[PDB]
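Enquirer: Before I ask anything, here's the sequence and the deposited coordinates:
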Amino acid sequence: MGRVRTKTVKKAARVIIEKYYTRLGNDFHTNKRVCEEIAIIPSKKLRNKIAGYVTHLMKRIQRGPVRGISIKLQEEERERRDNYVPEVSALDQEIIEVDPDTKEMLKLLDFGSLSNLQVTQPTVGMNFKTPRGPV
Amino acid sequence: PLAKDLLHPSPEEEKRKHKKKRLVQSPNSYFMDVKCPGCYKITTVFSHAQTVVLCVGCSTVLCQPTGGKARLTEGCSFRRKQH
Amino acid sequence: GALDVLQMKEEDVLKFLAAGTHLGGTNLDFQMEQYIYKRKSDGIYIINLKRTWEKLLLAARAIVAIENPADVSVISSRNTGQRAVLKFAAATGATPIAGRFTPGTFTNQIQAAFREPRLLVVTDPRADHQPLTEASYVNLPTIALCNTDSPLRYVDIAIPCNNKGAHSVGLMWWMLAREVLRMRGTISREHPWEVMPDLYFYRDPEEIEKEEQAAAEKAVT
Amino acid sequence: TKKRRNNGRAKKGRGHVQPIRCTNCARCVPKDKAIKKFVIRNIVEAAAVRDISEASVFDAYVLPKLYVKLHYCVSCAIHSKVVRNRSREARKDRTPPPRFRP
Amino acid sequence: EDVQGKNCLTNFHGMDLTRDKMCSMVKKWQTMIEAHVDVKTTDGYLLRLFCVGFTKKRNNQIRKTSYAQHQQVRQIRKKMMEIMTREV
RNA sequence: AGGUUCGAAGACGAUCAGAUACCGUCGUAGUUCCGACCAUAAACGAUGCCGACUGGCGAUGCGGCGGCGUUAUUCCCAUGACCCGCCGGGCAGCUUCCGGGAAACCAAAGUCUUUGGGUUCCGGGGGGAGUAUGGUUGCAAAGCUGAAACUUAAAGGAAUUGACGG
Ligand SMILES: [Mg+2]
Ligand SMILES: [Mg+2]
Ligand SMILES: [Mg+2]
Ligand SMILES: [Mg+2]
Ligand SMILES: [Mg+2]
Ligand SMILES: [Zn+2]
């Protein structure tokens, strides 16, 4: 009750995680020793407050991609972003469904009579336009 | 649109407007040859007619006056004439 | 163009019809009615693809006219287009801002991310109104991808395709990149581009994990 | 200065509307200005529904509703906390409050 | 009407709807049409029948209100009175 | 004529330091109808009337026109109920760096120092005062028309920050 960490602890822990992710783990005491020897923290209480938040943040990172950013998480992010170009295109449907109105649009721009272009009938209807007011 | 051309409108925009407010005003009404079954002659009923018109030979009703347009009676051919 | 070389070449018509890119209803903005063909019986407006193609080519001309390639700035607030603008900047050499646009990027000269571009290309006028307004502050011309109901306030080279579906957004960024690189000399314009347009498509996390587990179970078996 | 564009009432195309009486103080309010409220509360007051249900002589009986329409003057609606003061841009919002369904 | 020992024999005196049903039917954005007729049966039991009916929203209707115009209300009311009179 | 209910006046009961008040009980005139007066209201959109021009959007009411379909009689053409649009005249709404404005705001309160479409009424610091007096209308109550002496350095409008709010 009343254990919110200030922005000094939070941003110090974030920079520590960003720079020295490889030497930290989910153990408070080894993280405490690492933060002792890689940063000049003037007081013991601040030191192990920072170490506690580092431990909490590494549990969060081991769950998923919080900020961040780890090099492994970011390289796998750009791997997902860059790779999975599929082996077959998603736009090669080989059967394209068209309204007869779009068929006529293509017909008047000289492409409506050489493509595959499977056509349906128009929907008897005009029941768009969700009812006005409440219910 | 800043460069709408006001003196060459498309015919659909011309038909869409009021009968005034066109470049040159023109009526939306017309005349027509109305033919009823059982007779031989035709009558030249106005489209927006207000009179209960009658065929002079056979005293039968051709059109019934309504709010905007004369409603012709049960089945009778009509030919809009000279457009 | 009026040239025969800059004509439609119906392979991309098949790409357009597969992705969407011609269905934009049901609201029509009064400055976008120049680009529609007509309205479907179910309320959707149909967009004439000749106008889309030639507005795209005009935009590509304007992008090519910038001598320094890292002065075109490409913007996408939404994710469906964040991927496309990142790959577009990779292909052409533009400068992307994918995600949150911090206000004062173009006007506050003191701050660190003070970009000073010469052209601005925007996925959605309605979702990227803040870069449009700042472009009005710093006399910066603007190109945008516009649906049938997108307001054209600070837009100059509005390209009327579609910006709801992920496929249409990825496809139009793909063809903008292809035309920009073809007007410069990188692709000889006779054989198709090696980059397949699925590279620019948005992928939500659930279908990503479904695809990756399907690929894992296929590879192990 | 003029506080609202309508003058606190729905009177647009007419000269006079008939007054009504406020339901808990009997002030004369014009009908378009009054705070109206429709109440479809249960008679049997669902904190006590099970005792009535088990004491009933029928097997399948559905409890009747109570249908009252309330009219408030502005002062009674404010004091009974039917409505509250809002800021300017909040004032010009006409949506009913959400139905708190879940 | 009469007593037969330990029995009270009754006869019809009137019909009514419950309060909650009548309050449940009346709602906004529709027109209520009511009619009444005074009318005598063959054996001399002069009655007063009250009718009520409400305009119905169509299933594909997207307008909020279903309001009959005044002439429609008048001929609906005329039909109600003529049907009740011919029935009783 | 009629007087159910409410209810100026009035009486009482409370509350209060007081309480000719607010709250409660009763209750006259009045409230209702017919006939005759009176001419006033925050009689308000606090915005003269007529005409022209200048953005968008979605609805709504009346009339007309045109369209896939659904529904009613009836099996058809009408005619109704709905659906999708267009035109005209209405009551309004949202939005907009049209433009305006001291601003609140206003698509009119815009098209105004880049000042002139036609025309009626009307203001000229605050008070004294809509008073005095004369005239005139009315049964009266009052309405209309309407000063001066004298007095005064501000009275006001719209926004901002605080302080205060039973
Ligand atoms: Mg006030
Ligand atoms: Mg009034
Ligand atoms: Mg009393
Ligand atoms: Mg009186
Ligand atoms: Mg003065
Ligand atoms: Zn009250």
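Expert: Everything's here; your move. Numbering: from 1, shown residues only, chains lettered A, B, ... in the order given. Ligands and ions are numbered 1, 2, ... in the order given.

Enquirer: For the residue lying closest to residue E:56 once chain neighbours are set aside, give me its contacts.
Expert: In this structure, residue E:56 finds its nearest non-sequential neighbour in residue E:66, 6.6 Å apart by CB to CB, 6 or more residues apart in numbering or on different chains. (C-beta placed from N, C-alpha, C; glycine too.) Contacts for residue E:66 were tallied using CB atoms under 8 Å, 6 or more residues apart in numbering or on different chains; they are E:29, E:30, E:31, E:55, E:56, E:57, E:58.

Enquirer: Output the residues you listed in a markdown table; the columns should cover distance to residue B:82 and secondary structure.
Expert: A markdown table is the format used below for the contacts of residue E:66 (distance: CB to CB, whole Å; DSSP: H, G, I helix; E, B strand; the rest coil):
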| residue | distance to residue B:82 | secondary structure |
| --- | --- | --- |
| E:29 | 50 | coil |
| E:30 | 50 | strand |
| E:31 | 47 | coil |
| E:55 | 47 | coil |
| E:56 | 48 | coil |
| E:57 | 47 | coil |
| E:58 | 43 | coil |
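
Enquirer: Residue of chain C nearest chain D, please.
Expert: residue C:129 (18.8 Å; CB to the nearest CB).

Enquirer: how far away is the nearest residue to residue A:129 once chain neighbours are set aside from residue A:134?
Expert: Nearest residue to residue A:129 in three dimensions, chain neighbours excluded: residue E:62, at 5.5 Å (CB to CB, 6+ apart). As for residue E:62, its distance to residue A:134 is 13 Å (criterion: CB to CB, to the nearest Å).

Enquirer: who's more crowded, the two?
Expert: residue E:62 (13 against 8; other CB atoms under 10 Å in any protein chain shown).

Enquirer: Quick check: phi and psi on that one?
Expert: Main-chain torsions, residue E:62, degrees, to the nearest 10: phi -110, psi -10.

Enquirer: surely it meets residue A:132?
Expert: Yes: using CB atoms under 8 Å, residue E:62 is in contact with residue A:132, at 5.8 Å.

Enquirer: State the distance from the residue of chain C found nearest RNA strand F to residue B:11.
Expert: Nearest residue of chain C to RNA strand F, counting by CB to the nearest atom of the strand: residue C:30, 3.6 Å away. From residue C:30 over to residue B:11 the distance is 22 Å, taken as CB to CB.

Enquirer: Near RNA strand F, which residues of chain D are found?
Expert: Neighbours of RNA strand F within chain D, by CB under 7 Å from any atom of the strand: D:1, D:2, D:5, D:6, D:7, D:11, D:12, D:13, D:15, D:88, D:92.

Enquirer: hey, where'd the helices end up in chain C?
Expert: Residue ranges of the helices in chain C, as given by DSSP state H, are C:11-19, C:49-64, C:82-92, C:129-137, C:166-183, C:205-220.

Enquirer: buried sites along the second one?
Expert: I take that to be helix C:49-64. Buried positions in helix C:49-64, judged by neighbour count with 16 or more other CB atoms under 10 Å in any protein chain shown: C:49, C:51-57, C:59-60, C:62-64.

Enquirer: of all these, which comes closest to chain A?
Expert: For the buried residues of helix C:49-64, the nearest to chain A is residue C:49 (7.0 Å; CB to the nearest CB).

Enquirer: Now do the SS call for residue A:49.
Expert: helix (DSSP: H, G, I helix; E, B strand; the rest coil).

Enquirer: Run through the bridge partners of the residue nearest to residue E:56.
Expert: Following DSSP bridges, residue E:66 is listed with bridge partners residue E:30.

Enquirer: quick one: it from residue D:15, how far?
Expert: 28 Å.

Enquirer: count of residues packed around residue A:116?
Expert: The burial count for residue A:116: 11, using other CB under 10 Å.

Enquirer: ok, the residue most central in space within chain C - contacts?
Expert: By CA atoms, centre = their mean, chain C has its centre lying nearest to residue C:173, at 3.9 Å. Residue C:173 sits next to C:81, C:84, C:85, C:87, C:88, C:123, C:200 when contact means CB under 8 Å, 6+ apart.

Enquirer: For burial, what's the neighbour tally of residue D:8?
Expert: By other CB under 10 Å, the residues close to residue D:8 number 12.

Enquirer: That one is in what secondary structure piece?
Expert: Assigned by DSSP states H and E, residue D:8 belongs to no helix or strand.

Enquirer: Can you tell me, leaving aside adjacent residues, what's nearest to it?
Expert: Spatial nearest neighbour of residue D:8, excluding adjacent residues (CB to CB, 6+ apart): residue D:33 at 6.0 Å.

Enquirer: so the one you found, which of the three states?
Expert: State at residue D:33, reduced to three classes by three-state DSSP: coil.

Enquirer: which residues in chain D form strands?
Expert: Along chain D, counting by DSSP state E, strands occupy D:19-21, D:28-30, D:35-39, D:68-72.

Enquirer: among the ones you listed, which is nearest residue A:121?
Expert: Minimum separation from residue A:121 across the strands of chain D (CB to CB) falls at strand D:35-39, 46.1 Å.

Enquirer: And the residue of chain B closest to ligand 6?
Expert: Among all residues of chain B, residue B:67 sits closest to ligand 6, at 49.2 Å; criterion: CB to the ion.

Enquirer: With only the CA atoms kept, save stretch D:62-75 in PDB.
Expert: The C-alpha coordinates for stretch D:62-75 follow below in PDB (Å, rounded to 0.1, in the frame of the first residue of the first chain):
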ATOM      1  CA  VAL D  62     -45.700 -13.600 -15.200                       C
ATOM      2  CA  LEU D  63     -45.700 -10.500 -12.900                       C
ATOM      3  CA  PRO D  64     -47.300  -7.300 -14.100                       C
ATOM      4  CA  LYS D  65     -45.400  -4.200 -14.800                       C
ATOM      5  CA  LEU D  66     -46.100  -0.700 -13.600                       C
ATOM      6  CA  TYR D  67     -46.300   2.100 -16.200                       C
ATOM      7  CA  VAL D  68     -46.000   5.600 -15.000                       C
ATOM      8  CA  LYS D  69     -44.900   8.700 -17.000                       C
ATOM      9  CA  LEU D  70     -43.200  11.400 -14.900                       C
ATOM     10  CA  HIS D  71     -43.000  15.100 -15.700                       C
ATOM     11  CA  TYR D  72     -40.500  17.200 -13.800                       C
ATOM     12  CA  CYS D  73     -39.900  20.900 -13.600                       C
ATOM     13  CA  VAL D  74     -36.300  22.000 -14.000                       C
ATOM     14  CA  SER D  75     -35.800  22.600 -10.200                       C
END
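
Enquirer: Give me the nearest residue to the residue of chain A found nearest chain D, chain neighbours excluded.
Expert: Proximity of chain A to chain D (CB to the nearest CB) peaks at residue A:134, 7.8 Å away. Excluding the flanking residues, the one nearest residue A:134 by CB to CB, 6+ apart is residue D:96, at 7.8 Å.

Enquirer: Now that neighbour: phi and psi?
Expert: Phi and psi for residue D:96, reported as degrees, to the nearest 10, are phi -70, psi 160.

Enquirer: so how far is residue C:79 from it?
Expert: 34 Å.

Enquirer: These two: which is more packed in?
Expert: Neighbour count, other CB under 10 Å: between residue D:96 and residue C:79, residue C:79 has more, with 14 against 6.

Enquirer: what's the most distant pair in the residues of chain D next to RNA strand F?
Expert: Distances among these were taken as CB to CB; the most separated pair is D:15 and D:88, at 29.4 Å.

Enquirer: Buried residues of stretch E:43-60, list them for me.
Expert: E:49, E:51, E:55, E:57.

Enquirer: ditto for stretch C:9-25
Expert: Residues of stretch C:9-25 classed as buried: C:10, C:12-25 (neighbour count, 16+ other CB under 10 Å).

Enquirer: Ok, stretch E:5-18 next?
Expert: When burial is assessed from 16+ other CB under 10 Å, stretch E:5-18 yields no buried residues.
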